[PDB]
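K.L.:
First the structure, then my questions, so here it is.
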Amino acid sequence: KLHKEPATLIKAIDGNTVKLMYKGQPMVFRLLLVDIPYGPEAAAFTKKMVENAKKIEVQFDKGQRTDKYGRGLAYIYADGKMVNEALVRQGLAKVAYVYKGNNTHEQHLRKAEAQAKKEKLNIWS
């Protein structure tokens, strides 16, 4: 049972990294299960999604919540749409290996990735 928490964008950093205001504090977040080999495109895509959002949500998974560099490991939602999956579906990123038990949406993203590859979209072109 994963819970979505409200957050506020502070600065877009790149395809799978953004800075947010979470629980009265700024924190860098690394989008779970998404690897970025189109770097500028992914960055642009994510940047557009969060900056144009009227609601940003942070959803931690069931495993470790922060990586070695202190970045929050989570699923980020823009207006209810998961950025992690959108990137993958748009073929602007691949599904990463599960990390410390954070695999709740792994299957979901794998299908997005399969369809993207089936459409030979961007990184799959």
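Labeling convention for the structure tokens: chains A, B, ... as they appear, residues from 1 per chain, ligands from 1 in order of appearance.
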Would you please extract all strand (DSSP E or B) residues from chain A, as assigned by DSSP on the backbone, and give them as a PyMOL selection string?

P.N.:
chain A and resi 4-14+17-21+26-31+34-35+56-60+66+72-78+81-82+94-95+99+102

K.L.:
Deliver the residues from the most recent selection as a file, using C-alpha atoms, as a PDB file, in the first residue's frame.

P.N.:
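Result written to selection.pdb:
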```pdb
ATOM      1  CA  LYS A   4       1.134   9.782  -2.418  1.00  0.00           C
ATOM      2  CA  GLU A   5       2.363  12.891  -0.631  1.00  0.00           C
ATOM      3  CA  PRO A   6       2.098  16.481  -1.875  1.00  0.00           C
ATOM      4  CA  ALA A   7       5.290  18.246  -2.920  1.00  0.00           C
ATOM      5  CA  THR A   8       6.328  21.449  -4.648  1.00  0.00           C
ATOM      6  CA  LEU A   9       8.788  21.786  -7.496  1.00  0.00           C
ATOM      7  CA  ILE A  10      11.840  23.893  -6.784  1.00  0.00           C
ATOM      8  CA  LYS A  11      14.092  23.117  -9.724  1.00  0.00           C
ATOM      9  CA  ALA A  12      14.077  20.638 -12.582  1.00  0.00           C
ATOM     10  CA  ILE A  13      17.467  18.993 -12.883  1.00  0.00           C
ATOM     11  CA  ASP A  14      17.286  16.296 -15.548  1.00  0.00           C
ATOM     12  CA  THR A  17      16.316  13.904 -11.127  1.00  0.00           C
ATOM     13  CA  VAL A  18      14.346  16.842  -9.743  1.00  0.00           C
ATOM     14  CA  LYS A  19      14.522  19.117  -6.700  1.00  0.00           C
ATOM     15  CA  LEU A  20      11.345  19.473  -4.692  1.00  0.00           C
ATOM     16  CA  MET A  21      10.003  21.001  -1.505  1.00  0.00           C
ATOM     17  CA  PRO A  26      13.956  20.988  -0.131  1.00  0.00           C
ATOM     18  CA  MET A  27      15.213  17.618  -1.336  1.00  0.00           C
ATOM     19  CA  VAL A  28      16.655  16.128  -4.503  1.00  0.00           C
ATOM     20  CA  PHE A  29      14.645  13.159  -5.799  1.00  0.00           C
ATOM     21  CA  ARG A  30      15.760  10.392  -8.118  1.00  0.00           C
ATOM     22  CA  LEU A  31      12.903   8.890 -10.117  1.00  0.00           C
ATOM     23  CA  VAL A  34      14.318   4.716 -14.710  1.00  0.00           C
ATOM     24  CA  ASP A  35      17.756   4.835 -16.295  1.00  0.00           C
ATOM     25  CA  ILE A  56       3.186  17.350  -7.855  1.00  0.00           C
ATOM     26  CA  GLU A  57       3.199  14.184  -5.789  1.00  0.00           C
ATOM     27  CA  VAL A  58       5.930  12.069  -4.248  1.00  0.00           C
ATOM     28  CA  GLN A  59       5.255   8.370  -3.818  1.00  0.00           C
ATOM     29  CA  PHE A  60       7.862   6.372  -1.926  1.00  0.00           C
ATOM     30  CA  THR A  66      17.062   7.401  -0.123  1.00  0.00           C
ATOM     31  CA  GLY A  72      14.823  10.476  -2.251  1.00  0.00           C
ATOM     32  CA  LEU A  73      13.967   7.368  -4.277  1.00  0.00           C
ATOM     33  CA  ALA A  74      10.386   7.690  -5.537  1.00  0.00           C
ATOM     34  CA  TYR A  75       7.643   7.700  -8.133  1.00  0.00           C
ATOM     35  CA  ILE A  76       6.863  11.308  -9.072  1.00  0.00           C
ATOM     36  CA  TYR A  77       3.340  12.298 -10.133  1.00  0.00           C
ATOM     37  CA  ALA A  78       2.492  15.385 -12.197  1.00  0.00           C
ATOM     38  CA  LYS A  81       0.341  11.177 -14.122  1.00  0.00           C
ATOM     39  CA  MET A  82       3.477   9.249 -13.160  1.00  0.00           C
ATOM     40  CA  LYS A  94      14.801   2.399 -19.870  1.00  0.00           C
ATOM     41  CA  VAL A  95      13.592   0.438 -16.865  1.00  0.00           C
ATOM     42  CA  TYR A  99      16.959  -1.310  -6.007  1.00  0.00           C
ATOM     43  CA  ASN A 102      11.664  -0.823  -4.608  1.00  0.00           C
TER      44      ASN A 102
END
```

K.L.:
In terms of the shortest atom-to-atom distance over only C-alpha atoms, which of A:55, A:48, A:71, A:118 is closest to residue A:87?

P.N.:
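Using only C-alpha atoms, the shortest distance to residue A:87 belongs to A:48.
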
K.L.:
Check the smallest atom-to-atom distance from each of A:92, A:80, A:114, A:54 to residue A:41 using only C-alpha atoms, then report the winner.

P.N.:
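Smallest distance to residue A:41 is found for A:92.
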
K.L.:
Taking the DSSP secondary structure from the backbone, can you list the residues of stretch 15-124 of chain A that are alpha helix (DSSP H), as a VMD selection string?

P.N.:
chain A and resid 39 to 51 83 to 89 106 to 118

K.L.:
Find the residues around residue A:98 up to 12 Å (only C-alpha atoms counted), leave out those fewer than 4 positions away in its own chain, and share them as JSON, numbers by chain.

P.N.:
{"A": [32, 33, 34, 35, 61, 62, 63, 64, 73, 102, 103, 104, 105, 106, 107, 109, 110]}

K.L.:
I need the chosen residues saved as a compact mmCIF listing (two decimals), in the first residue's frame, with N, CA and C atoms.

P.N.:
```
# COMPACT_ATOMS: atom_id res chain seq x y z
N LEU A 32 12.49 6.65 -9.35
CA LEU A 32 12.68 5.22 -9.26
C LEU A 32 12.52 4.46 -10.57
N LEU A 33 13.33 3.41 -10.69
CA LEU A 33 13.33 2.48 -11.81
C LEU A 33 13.45 3.04 -13.21
N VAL A 34 14.14 4.16 -13.37
CA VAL A 34 14.32 4.72 -14.71
C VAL A 34 15.77 5.10 -14.94
N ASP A 35 16.38 4.52 -15.97
CA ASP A 35 17.76 4.84 -16.30
C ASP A 35 17.81 5.67 -17.56
N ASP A 61 8.38 4.05 -2.41
CA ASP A 61 8.04 2.65 -2.58
C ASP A 61 8.22 1.94 -1.24
N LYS A 62 8.28 0.61 -1.25
CA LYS A 62 8.41 -0.16 -0.01
C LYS A 62 9.83 -0.45 0.45
N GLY A 63 10.82 -0.16 -0.40
CA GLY A 63 12.20 -0.41 -0.03
C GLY A 63 12.88 0.82 0.55
N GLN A 64 14.20 0.88 0.45
CA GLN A 64 14.94 2.02 0.97
C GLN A 64 14.50 3.29 0.23
N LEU A 73 14.24 8.31 -3.19
CA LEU A 73 13.97 7.37 -4.28
C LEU A 73 12.45 7.23 -4.36
N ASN A 102 12.58 -1.80 -4.02
CA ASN A 102 11.66 -0.82 -4.61
C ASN A 102 11.25 -1.33 -5.99
N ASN A 103 10.26 -2.22 -6.01
CA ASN A 103 9.81 -2.83 -7.25
C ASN A 103 8.31 -2.81 -7.49
N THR A 104 7.55 -2.12 -6.65
CA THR A 104 6.10 -2.12 -6.82
C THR A 104 5.61 -1.85 -8.25
N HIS A 105 6.18 -0.86 -8.93
CA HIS A 105 5.74 -0.51 -10.28
C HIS A 105 6.62 -1.05 -11.40
N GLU A 106 7.56 -1.91 -11.06
CA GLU A 106 8.45 -2.50 -12.04
C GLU A 106 7.71 -3.11 -13.25
N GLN A 107 6.79 -4.02 -12.99
CA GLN A 107 6.04 -4.66 -14.07
C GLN A 107 5.33 -3.65 -14.95
N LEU A 109 6.04 -0.51 -15.46
CA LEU A 109 6.98 0.22 -16.31
C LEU A 109 7.54 -0.67 -17.43
N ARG A 110 7.70 -1.97 -17.15
CA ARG A 110 8.21 -2.91 -18.15
C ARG A 110 7.29 -2.98 -19.37
```

K.L.:
Can you work out which one of A:122, A:100, A:43, A:83 has the shortest atom-to-atom distance to residue A:67, counting only C-alpha atoms?

P.N.:
A:100

K.L.:
From the options A:79, A:3, A:111, A:16, which residue's atoms come nearest to residue A:51, counting only C-alpha atoms?

P.N.:
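Closest residue, counting only C-alpha atoms: A:79.
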
K.L.:
Give me, please, the distance in Å between atom CA of residue A:38 and atom CA of residue A:93, quoted to one decimal.

P.N.:
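According to the coordinates, atom CA of residue A:38 and atom CA of residue A:93 are separated by 8.4 Å.
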
K.L.:
To one decimal place, how far is atom CA of residue A:88 from atom CA of residue A:1 in Å?

P.N.:
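One can read the atom CA of residue A:88 to atom CA of residue A:1 distance as 23.0 Å.
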
K.L.:
Pick the closest to residue A:123 from A:25, A:84, A:90, A:46: which is it, counting only C-alpha atoms?

P.N.:
A:90

K.L.:
Suppose you want the space between atom CA of residue A:113 and atom CA of residue A:86; what is it in Å?

P.N.:
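Answer for the atom CA of residue A:113 to atom CA of residue A:86 separation: 9.6 Å.
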